[PDB]
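Undergrad: File name data17.txt; file contents compact mmCIF, N, CA, C and O atoms and all ligand atoms; full text below.
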# COMPACT_ATOMS: atom_id res chain seq x y z
N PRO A 13 255.78 75.69 389.87
CA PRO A 13 256.89 74.85 390.30
C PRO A 13 257.04 73.56 389.48
O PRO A 13 258.16 73.12 389.22
N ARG A 14 255.90 72.99 389.06
CA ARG A 14 255.81 71.66 388.42
C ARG A 14 256.27 70.51 389.33
O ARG A 14 257.02 69.60 388.91
N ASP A 15 255.80 70.56 390.58
CA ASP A 15 256.00 69.51 391.60
C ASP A 15 254.71 68.69 391.77
O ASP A 15 253.77 68.85 390.99
N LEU A 16 254.65 67.84 392.79
CA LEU A 16 253.54 66.89 392.94
C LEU A 16 252.23 67.46 393.53
O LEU A 16 251.60 66.84 394.39
N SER A 17 251.79 68.62 393.04
CA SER A 17 250.48 69.15 393.45
C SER A 17 249.36 68.43 392.70
O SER A 17 249.59 67.87 391.63
N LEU A 18 248.15 68.48 393.24
CA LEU A 18 247.00 67.86 392.59
C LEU A 18 246.78 68.42 391.20
O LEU A 18 246.45 67.68 390.27
N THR A 19 247.00 69.72 391.05
CA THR A 19 246.94 70.40 389.76
C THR A 19 247.90 69.77 388.76
O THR A 19 247.51 69.43 387.64
N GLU A 20 249.16 69.61 389.16
CA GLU A 20 250.14 69.01 388.27
C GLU A 20 249.81 67.54 388.01
O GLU A 20 249.94 67.06 386.87
N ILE A 21 249.35 66.83 389.04
CA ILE A 21 249.04 65.40 388.90
C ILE A 21 247.93 65.17 387.86
O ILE A 21 248.03 64.30 386.99
N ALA A 22 246.90 65.99 387.94
CA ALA A 22 245.77 65.94 387.01
C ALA A 22 246.17 66.00 385.53
O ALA A 22 245.43 65.50 384.67
N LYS A 23 247.33 66.59 385.23
CA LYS A 23 247.81 66.70 383.86
C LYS A 23 248.33 65.38 383.29
O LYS A 23 248.46 65.25 382.06
N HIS A 24 248.63 64.42 384.17
CA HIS A 24 249.16 63.11 383.75
C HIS A 24 248.05 62.11 383.74
O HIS A 24 247.98 61.20 384.58
N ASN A 25 247.18 62.28 382.75
CA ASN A 25 245.86 61.64 382.73
C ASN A 25 245.58 60.86 381.45
O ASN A 25 244.42 60.68 381.06
N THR A 26 246.63 60.38 380.79
CA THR A 26 246.45 59.56 379.58
C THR A 26 247.20 58.25 379.69
O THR A 26 248.08 58.11 380.54
N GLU A 27 246.86 57.29 378.82
CA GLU A 27 247.65 56.06 378.68
C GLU A 27 249.14 56.37 378.46
O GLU A 27 250.01 55.68 378.99
N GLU A 28 249.42 57.42 377.69
CA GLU A 28 250.79 57.80 377.34
C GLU A 28 251.56 58.48 378.49
O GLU A 28 252.80 58.60 378.46
N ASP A 29 250.83 58.90 379.51
CA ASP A 29 251.42 59.69 380.59
C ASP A 29 250.49 59.59 381.80
O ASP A 29 249.61 60.43 382.01
N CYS A 30 250.68 58.54 382.60
CA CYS A 30 249.67 58.08 383.56
C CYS A 30 250.18 58.07 385.00
O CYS A 30 250.94 57.18 385.40
N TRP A 31 249.77 59.07 385.79
CA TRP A 31 250.10 59.09 387.21
C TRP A 31 248.89 58.76 387.98
O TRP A 31 247.79 59.16 387.60
N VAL A 32 249.05 58.06 389.09
CA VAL A 32 247.93 57.68 389.95
C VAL A 32 248.34 57.89 391.41
O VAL A 32 249.48 57.57 391.78
N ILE A 33 247.43 58.43 392.22
CA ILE A 33 247.67 58.63 393.66
C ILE A 33 247.08 57.45 394.42
O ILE A 33 245.91 57.11 394.24
N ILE A 34 247.90 56.83 395.27
CA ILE A 34 247.44 55.79 396.20
C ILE A 34 248.04 56.10 397.57
O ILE A 34 249.27 56.13 397.73
N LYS A 35 247.16 56.34 398.55
CA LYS A 35 247.51 56.78 399.91
C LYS A 35 248.49 57.93 399.91
O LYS A 35 249.53 57.84 400.57
N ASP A 36 248.17 58.98 399.15
CA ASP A 36 248.94 60.22 399.13
C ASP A 36 250.36 60.11 398.56
O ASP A 36 251.19 61.03 398.73
N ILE A 37 250.63 59.00 397.88
CA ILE A 37 251.89 58.78 397.14
C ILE A 37 251.60 58.71 395.64
O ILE A 37 250.69 58.00 395.22
N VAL A 38 252.37 59.46 394.84
CA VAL A 38 252.16 59.49 393.40
C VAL A 38 253.01 58.41 392.73
O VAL A 38 254.21 58.33 392.97
N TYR A 39 252.37 57.57 391.91
CA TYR A 39 253.05 56.55 391.12
C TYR A 39 252.93 56.90 389.63
O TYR A 39 251.87 57.30 389.17
N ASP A 40 254.03 56.75 388.89
CA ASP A 40 253.97 56.87 387.44
C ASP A 40 253.78 55.47 386.89
O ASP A 40 254.72 54.68 386.85
N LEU A 41 252.55 55.18 386.48
CA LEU A 41 252.21 53.83 386.04
C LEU A 41 252.24 53.65 384.53
O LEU A 41 251.84 52.60 384.03
N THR A 42 252.75 54.64 383.81
CA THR A 42 252.74 54.63 382.33
C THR A 42 253.36 53.32 381.81
O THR A 42 252.74 52.57 381.03
N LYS A 43 254.57 53.01 382.27
CA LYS A 43 255.25 51.80 381.81
C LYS A 43 254.69 50.53 382.46
O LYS A 43 254.74 49.45 381.87
N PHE A 44 254.11 50.66 383.64
CA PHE A 44 253.46 49.51 384.28
C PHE A 44 252.18 49.04 383.57
O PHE A 44 251.77 47.88 383.73
N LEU A 45 251.56 49.92 382.78
CA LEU A 45 250.23 49.63 382.21
C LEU A 45 250.12 48.28 381.48
O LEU A 45 249.26 47.47 381.84
N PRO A 46 251.00 48.01 380.49
CA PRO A 46 250.86 46.70 379.83
C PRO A 46 251.24 45.53 380.75
O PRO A 46 250.89 44.39 380.44
N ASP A 47 251.93 45.82 381.85
CA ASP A 47 252.33 44.78 382.82
C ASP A 47 251.25 44.49 383.86
O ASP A 47 251.33 43.49 384.58
N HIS A 48 250.24 45.34 383.95
CA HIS A 48 249.24 45.20 385.00
C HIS A 48 248.41 43.94 384.83
O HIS A 48 247.77 43.77 383.79
N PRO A 49 248.38 43.04 385.84
CA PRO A 49 247.54 41.86 385.60
C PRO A 49 246.04 42.15 385.45
O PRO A 49 245.32 41.32 384.91
N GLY A 50 245.59 43.33 385.88
CA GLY A 50 244.19 43.74 385.74
C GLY A 50 243.88 44.52 384.48
O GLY A 50 242.76 45.01 384.30
N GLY A 51 244.86 44.64 383.59
CA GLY A 51 244.64 45.33 382.31
C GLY A 51 244.98 46.80 382.36
O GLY A 51 245.09 47.39 383.45
N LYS A 52 245.13 47.41 381.18
CA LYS A 52 245.54 48.81 381.07
C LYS A 52 244.43 49.78 381.47
O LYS A 52 244.66 50.75 382.20
N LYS A 53 243.23 49.53 380.97
CA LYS A 53 242.13 50.49 381.10
C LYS A 53 241.66 50.71 382.52
O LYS A 53 241.31 51.85 382.88
N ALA A 54 241.67 49.65 383.33
CA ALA A 54 241.34 49.77 384.76
C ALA A 54 242.17 50.84 385.44
O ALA A 54 241.66 51.57 386.29
N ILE A 55 243.45 50.92 385.10
CA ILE A 55 244.31 51.98 385.66
C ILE A 55 244.13 53.31 384.95
O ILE A 55 244.04 54.36 385.62
N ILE A 56 244.08 53.29 383.62
CA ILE A 56 243.91 54.53 382.83
C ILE A 56 242.65 55.30 383.30
O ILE A 56 242.62 56.53 383.34
N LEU A 57 241.62 54.55 383.67
CA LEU A 57 240.40 55.11 384.26
C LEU A 57 240.69 56.07 385.40
O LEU A 57 239.91 57.01 385.62
N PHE A 58 241.78 55.83 386.12
CA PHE A 58 242.16 56.65 387.28
C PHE A 58 243.38 57.54 387.01
O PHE A 58 243.94 58.12 387.95
N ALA A 59 243.78 57.66 385.74
CA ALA A 59 244.93 58.51 385.39
C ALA A 59 244.73 59.95 385.85
O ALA A 59 243.71 60.60 385.54
N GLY A 60 245.69 60.45 386.62
CA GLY A 60 245.62 61.79 387.17
C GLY A 60 244.78 61.95 388.41
O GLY A 60 244.56 63.07 388.87
N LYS A 61 244.32 60.82 388.97
CA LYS A 61 243.37 60.81 390.07
C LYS A 61 243.81 59.94 391.23
O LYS A 61 244.84 59.25 391.16
N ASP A 62 243.01 59.97 392.29
CA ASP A 62 243.24 59.14 393.45
C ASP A 62 242.53 57.78 393.29
O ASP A 62 241.33 57.73 393.08
N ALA A 63 243.28 56.69 393.41
CA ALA A 63 242.72 55.35 393.26
C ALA A 63 242.75 54.54 394.56
O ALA A 63 242.52 53.32 394.53
N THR A 64 243.00 55.21 395.69
CA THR A 64 243.24 54.52 396.97
C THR A 64 242.16 53.49 397.29
O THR A 64 242.47 52.32 397.56
N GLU A 65 240.90 53.92 397.25
CA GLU A 65 239.76 53.07 397.64
C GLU A 65 239.63 51.84 396.77
O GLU A 65 239.49 50.72 397.27
N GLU A 66 239.69 52.03 395.45
CA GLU A 66 239.51 50.94 394.50
C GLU A 66 240.72 50.00 394.51
O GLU A 66 240.58 48.78 394.33
N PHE A 67 241.90 50.58 394.74
CA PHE A 67 243.10 49.76 394.89
C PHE A 67 243.01 48.89 396.15
O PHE A 67 243.19 47.66 396.08
N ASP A 68 242.71 49.51 397.30
CA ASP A 68 242.59 48.78 398.57
C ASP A 68 241.54 47.67 398.51
O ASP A 68 241.70 46.62 399.11
N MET A 69 240.45 47.90 397.79
CA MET A 69 239.42 46.86 397.76
C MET A 69 239.70 45.72 396.77
O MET A 69 239.12 44.64 396.91
N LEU A 70 240.57 45.96 395.79
CA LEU A 70 240.86 44.97 394.72
C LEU A 70 242.18 44.20 394.86
O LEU A 70 242.38 43.20 394.16
N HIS A 71 243.06 44.67 395.74
CA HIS A 71 244.40 44.07 395.88
C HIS A 71 244.73 43.75 397.31
O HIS A 71 244.35 44.50 398.21
N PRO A 72 245.47 42.64 397.53
CA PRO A 72 246.06 42.30 398.83
C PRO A 72 247.12 43.32 399.28
O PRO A 72 247.78 43.93 398.44
N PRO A 73 247.30 43.47 400.61
CA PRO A 73 248.22 44.48 401.14
C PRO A 73 249.67 44.33 400.67
O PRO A 73 250.43 45.28 400.76
N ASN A 74 250.04 43.16 400.15
CA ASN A 74 251.42 42.88 399.74
C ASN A 74 251.79 43.22 398.28
O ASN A 74 252.95 43.09 397.89
N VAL A 75 250.81 43.67 397.50
CA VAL A 75 250.98 43.94 396.07
C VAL A 75 251.92 45.11 395.73
O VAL A 75 252.78 44.98 394.85
N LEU A 76 251.75 46.26 396.39
CA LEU A 76 252.57 47.45 396.10
C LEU A 76 254.08 47.19 396.20
O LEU A 76 254.86 47.58 395.32
N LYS A 77 254.47 46.52 397.27
CA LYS A 77 255.87 46.20 397.54
C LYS A 77 256.44 45.12 396.63
O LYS A 77 257.67 45.01 396.51
N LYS A 78 255.58 44.33 395.98
CA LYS A 78 256.08 43.22 395.15
C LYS A 78 256.08 43.45 393.65
O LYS A 78 256.71 42.70 392.90
N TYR A 79 255.38 44.48 393.19
CA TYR A 79 255.26 44.68 391.75
C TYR A 79 255.92 45.93 391.19
O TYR A 79 256.14 46.02 389.98
N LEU A 80 256.24 46.88 392.06
CA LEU A 80 256.79 48.15 391.60
C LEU A 80 258.24 48.37 392.03
O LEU A 80 258.66 47.88 393.07
N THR A 81 259.00 49.10 391.21
CA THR A 81 260.37 49.52 391.53
C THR A 81 260.38 50.98 392.00
O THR A 81 259.38 51.69 391.83
N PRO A 82 261.50 51.44 392.61
CA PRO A 82 261.60 52.84 393.04
C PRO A 82 261.45 53.86 391.92
O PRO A 82 261.01 54.98 392.17
N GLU A 83 261.81 53.50 390.70
CA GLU A 83 261.74 54.48 389.61
C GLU A 83 260.31 55.00 389.32
O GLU A 83 260.16 56.11 388.78
N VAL A 84 259.29 54.23 389.67
CA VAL A 84 257.90 54.67 389.42
C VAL A 84 257.26 55.37 390.61
O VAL A 84 256.16 55.93 390.50
N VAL A 85 257.93 55.32 391.76
CA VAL A 85 257.40 55.94 392.97
C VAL A 85 257.93 57.36 393.00
O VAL A 85 259.09 57.60 393.31
N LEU A 86 257.06 58.31 392.66
CA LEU A 86 257.50 59.69 392.48
C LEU A 86 257.61 60.44 393.79
O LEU A 86 258.49 61.28 393.94
N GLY A 87 256.72 60.15 394.74
CA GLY A 87 256.73 60.80 396.05
C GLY A 87 255.34 61.20 396.53
O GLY A 87 254.34 60.91 395.88
N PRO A 88 255.28 61.89 397.69
CA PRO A 88 253.98 62.26 398.23
C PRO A 88 253.35 63.48 397.53
O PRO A 88 254.08 64.35 397.03
N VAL A 89 252.01 63.52 397.49
CA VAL A 89 251.25 64.68 397.03
C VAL A 89 251.64 65.93 397.83
O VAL A 89 251.76 65.88 399.06
N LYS A 90 251.86 67.04 397.14
CA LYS A 90 252.14 68.32 397.78
C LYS A 90 250.84 69.10 397.98
O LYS A 90 250.20 69.51 397.00
N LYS A 91 250.47 69.29 399.24
CA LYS A 91 249.24 69.99 399.62
C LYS A 91 249.45 71.51 399.77
O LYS A 91 248.61 72.23 400.33
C1 LIG B 101 249.33 50.59 392.14
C2 LIG B 101 249.77 49.79 391.21
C3 LIG B 101 249.13 48.47 390.99
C4 LIG B 101 249.74 47.16 391.09
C5 LIG B 101 251.13 46.77 391.46
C6 LIG B 101 248.61 46.31 390.71
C7 LIG B 101 248.75 44.88 390.67
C8 LIG B 101 247.69 43.98 390.37
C9 LIG B 101 247.88 42.53 390.49
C10 LIG B 101 249.15 41.81 390.83
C11 LIG B 101 246.61 41.92 390.13
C12 LIG B 101 246.30 40.44 390.06
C13 LIG B 101 246.09 39.91 391.48
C14 LIG B 101 244.78 40.46 391.99
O1 LIG B 101 243.69 40.03 391.50
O2 LIG B 101 244.85 41.34 392.88
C15 LIG B 101 245.71 43.06 389.88
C16 LIG B 101 244.34 42.84 389.47
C17 LIG B 101 243.45 43.91 389.20
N1 LIG B 101 243.81 45.19 389.38
FE1 LIG B 101 245.63 46.13 389.80
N2 LIG B 101 247.44 46.92 390.44
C18 LIG B 101 247.75 48.21 390.56
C19 LIG B 101 246.84 49.29 390.37
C20 LIG B 101 245.45 49.17 390.09
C21 LIG B 101 244.57 50.35 389.93
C22 LIG B 101 244.91 51.82 390.11
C23 LIG B 101 243.32 49.72 389.56
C24 LIG B 101 242.06 50.42 389.30
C25 LIG B 101 241.20 50.44 390.30
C26 LIG B 101 243.53 48.25 389.48
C27 LIG B 101 242.54 47.25 389.13
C28 LIG B 101 242.65 45.83 389.06
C29 LIG B 101 241.49 45.01 388.70
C30 LIG B 101 240.07 45.41 388.31
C31 LIG B 101 242.04 43.66 388.81
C32 LIG B 101 241.37 42.34 388.58
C33 LIG B 101 240.99 41.67 389.90
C34 LIG B 101 240.51 40.23 389.71
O3 LIG B 101 240.18 39.82 388.57
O4 LIG B 101 240.47 39.50 390.72
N3 LIG B 101 244.81 47.92 389.92
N4 LIG B 101 246.32 44.34 390.18
Here is a file; write its structure as structure tokens.
Ligand code: HEM

TA:
Amino acid sequence: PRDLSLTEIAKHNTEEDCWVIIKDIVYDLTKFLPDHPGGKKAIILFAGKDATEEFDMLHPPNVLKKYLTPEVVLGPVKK
């Protein structure tokens, strides 16, 4: 299908093509990378993976809503 399955998500695992799962929502962070105040590599480390725990422990609850636009919010993981 090429939808938001874990299999498909895992393929977006480079700086050039970087998806990250946070609370079962897929974000395309490729263009956000140079904009990230925590640097590119911290996110690239989690490219194609779930970053929920590390995100929750490193950021205030208000960050997601203040830094991202709808164009990078791809949707929920398909189980
Ligand atoms: C989901 C999209 C994300 C947004 C909008 C975002 C935003 C930010 C912002 C605004 C800061 C500076 C304020 C702060 O210290 O919290 C920051 C710092 C940081 N972020 Fe991100 N972040 C995102 C994803 C991630 C991911 C996936 C990681 C990897 C675990 C990460 C790791 C870090 C680290 C290590 C810092 C430095 C913390 C410090 O020096 O106090 N972030 N993030």

Undergrad: Each residue of chain A lying at most 8 Å from ligand LIG 101 (chain B) should get a row with its shortest atom-to-atom pair and the distance in Å to one decimal, counting all atoms listed in the file; could you produce that, ordered by chain and increasing number, as CSV?

TA:
residue,atom,partner,partner_atom,distance
A:32,CA,B:LIG101,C22,6.6
A:33,O,B:LIG101,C22,6.8
A:34,CA,B:LIG101,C1,6.9
A:39,CA,B:LIG101,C1,7.1
A:41,CA,B:LIG101,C2,7.0
A:44,O,B:LIG101,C4,7.7
A:47,O,B:LIG101,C7,6.8
A:48,C,B:LIG101,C8,5.6
A:49,C,B:LIG101,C16,4.4
A:50,CA,B:LIG101,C17,3.5
A:51,N,B:LIG101,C17,5.8
A:52,O,B:LIG101,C23,7.6
A:53,O,B:LIG101,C24,6.6
A:54,O,B:LIG101,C24,3.2
A:55,N,B:LIG101,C24,4.5
A:56,N,B:LIG101,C24,6.7
A:57,N,B:LIG101,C24,7.0
A:58,CA,B:LIG101,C22,6.2
A:59,N,B:LIG101,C22,7.4
A:61,O,B:LIG101,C22,7.5
A:62,C,B:LIG101,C22,7.2
A:63,CA,B:LIG101,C22,5.2
A:64,N,B:LIG101,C22,6.8
A:65,C,B:LIG101,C25,6.8
A:66,C,B:LIG101,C25,4.3
A:67,N,B:LIG101,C25,4.5
A:68,N,B:LIG101,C25,7.2
A:69,O,B:LIG101,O2,7.7
A:70,O,B:LIG101,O2,3.3
A:71,CA,B:LIG101,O2,4.1
A:72,N,B:LIG101,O2,4.9
A:74,O,B:LIG101,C5,7.6
A:75,O,B:LIG101,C5,4.2
A:76,CA,B:LIG101,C5,4.9
A:77,N,B:LIG101,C5,6.7
A:78,C,B:LIG101,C5,6.3
A:79,CA,B:LIG101,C5,4.6
A:80,N,B:LIG101,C5,5.1

Undergrad: Within 8 Å of residue 42 in chain A, counting only N, CA, C and O atoms, which residues qualify if same-chain residues fewer than 4 places away don't, as a ChimeraX atom specification?

TA: /A:26-32,46-47,84

Undergrad: Between atom N of residue 82 in chain A and atom O of residue 43 in chain A, what is the distance in Å, rounded to a tenth?

TA: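 Distance between the two atoms: 12.8 Å.
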
Undergrad: Please, what distance in Å, to one decimal, runs between CA of residue 45 in chain A and atom C of residue 88 in chain A?

TA: 20.9 Å

Undergrad: DSSP says strand (DSSP E) for which residues of range 23-76 of chain A? Put them as a list in words?

TA: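 So, restricting range 23-76 of chain A to strand (DSSP E), we get residues 25, 26, 29, 30, 31, 32, 33, 34, 37, 38, 39 and 40 of chain A.
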
Undergrad: Measure the distance from atom O of residue 23 in chain A to atom O of residue 36 in chain A in Å and round it to one decimal.

TA: 17.4 Å

Undergrad: Please extract the residues of chain A with a backbone DSSP assignment of helix (DSSP H, G or I) and present them as an MDAnalysis selection string.

TA: chainID A and resid 18:22 45:47 52:56 64:70 75:79 82:84

Undergrad: Using all atoms listed in the file, can you tell me which of A:35, A:73, A:81, A:90 comes closest to residue 19 in chain A?

TA: A:90
